[PDB]
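Report on the following structure.
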Number of protein chains: 4
Amino acid sequence: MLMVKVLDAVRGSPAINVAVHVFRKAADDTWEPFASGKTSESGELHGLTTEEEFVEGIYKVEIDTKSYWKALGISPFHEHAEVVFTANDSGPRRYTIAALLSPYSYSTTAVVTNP
Amino acid sequence: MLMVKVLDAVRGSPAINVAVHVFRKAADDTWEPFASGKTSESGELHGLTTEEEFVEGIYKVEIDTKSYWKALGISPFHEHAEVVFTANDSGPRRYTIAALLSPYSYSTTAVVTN
Amino acid sequence: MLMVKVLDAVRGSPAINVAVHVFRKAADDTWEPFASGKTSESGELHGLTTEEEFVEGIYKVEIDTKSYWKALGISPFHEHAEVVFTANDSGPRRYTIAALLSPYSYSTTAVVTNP
Amino acid sequence: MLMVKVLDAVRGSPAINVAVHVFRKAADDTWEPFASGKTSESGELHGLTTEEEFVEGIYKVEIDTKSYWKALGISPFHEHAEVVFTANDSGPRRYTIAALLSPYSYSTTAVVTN
């Protein structure tokens, strides 16, 4: 129900092997680890969660942009990119989180569809 | 030495009266309040820090995008936008953090000049 | 070999039924009509061209953003979004042209892969 | 009354010495040169027009992005970036056309203020 897609705006390609960590805000206001993975050769990350597991709450997706640029020999500005949102508060939805990466800039977009 | 600029991509205007909070990373890996304010009529926020207090370290700029959209009666996706970066003395000195806001998308850009 | 994808950053959804016109620069420096279509319900447009037809040259993709926003009751800034690029100059490639639309802003990204 | 600002997203800096050409649509649906220049050290271009010459109509701003990237030795995708818009007297008066450049992506934003 949660997919992450990452593009490289410098090379015009998917961002491959980018680490992604997802957290869920617990009842005590701390960030609990929820899921993690790495983008595939198409720059996508699927299978982070199931419908039963993906309950209502506040989630944070943290994308390790810094390691990505370093391995390409570029010293980027940001430590990472994070996306924080409330999910499922009016029923289950499919969430696609897209990120477009440049060394000193990034964009993030959400596409939300009703399964 | 740190300047924040916020633009509204729906109305083509500065994003006015947006709350901004700046944090510095402490030794215990905790975020401590450092500065804050609200963007002006030109969507800018200046005078958050001085060259003396702005030492090397990791900083987080949090922009309350959700309240901005709610005031316009538009339902947004993100809870806020966060920009996290390391400040380095070698060797460019002025940091402009720009943010371009839409309800389901934002971009942020850093302009670092001397 | 040419695909166009359009997203709506105001609604968090694909941009559906957006008109797209593609032109190729002729030998006399004029823009010849090459192909056209409308984005589907996933905001995508496939099948604009074939490999035999998609020769080396300069192409322009014009996306009718203005009609899209008007039909939603918004008066946008731009007349359209156009993307102009040289294609296939070092052999056939697959081109994905992505556009992210807001009323007073747009972004366009190209993903180029080797078939 | 028309201002162009260009930023480089790879180096986090103003895009300096970028060529900009502005055209106005003629009755024959043809584009006629109207103004031009090169961005300054702050990546800005001012004084392209006056309030008197800037009448209602359709304008095209063409930014030579390809030459900018080539000078840095980076191969870009686009031939240039074009921004086409209608200017309207009712009723906000100053137009800032911003562009944020990467080799395979650009964004453009209009800020229209009074």
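Along the chain as shown, the residues are counted starting at 1.
Method on record in the header is X-ray crystallography, 1.7 Å.
Here the Cβ of each residue, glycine as well, is placed from N, Cα and C on the backbone.
Swiss-Prot lists A:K5, A:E44, A:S107 with the feature L-thyroxine binding site. When Cβ atoms from all protein chains are considered, those within 10 Å of A:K5 (L-thyroxine binding site) total 19, not counting its own. According to DSSP, A:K5 (L-thyroxine binding site) is assigned to a strand segment.
Around A:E32 (4-carboxyglutamate), the C-beta neighbours below 8 angstroms that are at least 6 residues distant in the chain are A:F23, A:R24, A:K25, A:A26. Per Swiss-Prot, 4-carboxyglutamate is recorded for A:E32.
Classification of A:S42 (phosphoserine) by DSSP places it in coil, neither helical nor stranded. Marked as phosphoserine by Swiss-Prot on the basis of similarity to another entry: A:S42.
Residues or ranges marked as N-linked glycosylation site by Swiss-Prot on the basis of experimental evidence: A:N88. Around A:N88 (N-linked glycosylation site), the same-chain residues six or more apart in sequence whose CB sits under 8 Å from its CB are A:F54, A:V55, A:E56, A:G57, listed in sequence order.
Each of the recorded positions A:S42, A:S107 was scored by other CB atoms within 10 A of its CB, and the lowest score goes to A:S42.
Spatially close to A:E44 (L-thyroxine binding site) yet at least six residues away along the chain are A:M3, A:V4, A:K5, A:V6, A:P14, judged by Cβ distances under 8 angstroms. Recorded residues A:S107 (L-thyroxine binding site) and A:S42 (phosphoserine) have their alpha carbons 18 Å apart, per Cα-Cα distance. Of A:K5, A:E44, A:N88, A:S107, listed as recorded positions, those near chain C by the criterion of a Cβ under 8 Å from one of its Cβ atoms are A:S107. The subset of recorded positions A:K5, A:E32, A:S42, A:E44, A:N88, A:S107 lying near chain B, with Cβ atoms under 8 Å apart, consists of A:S107.
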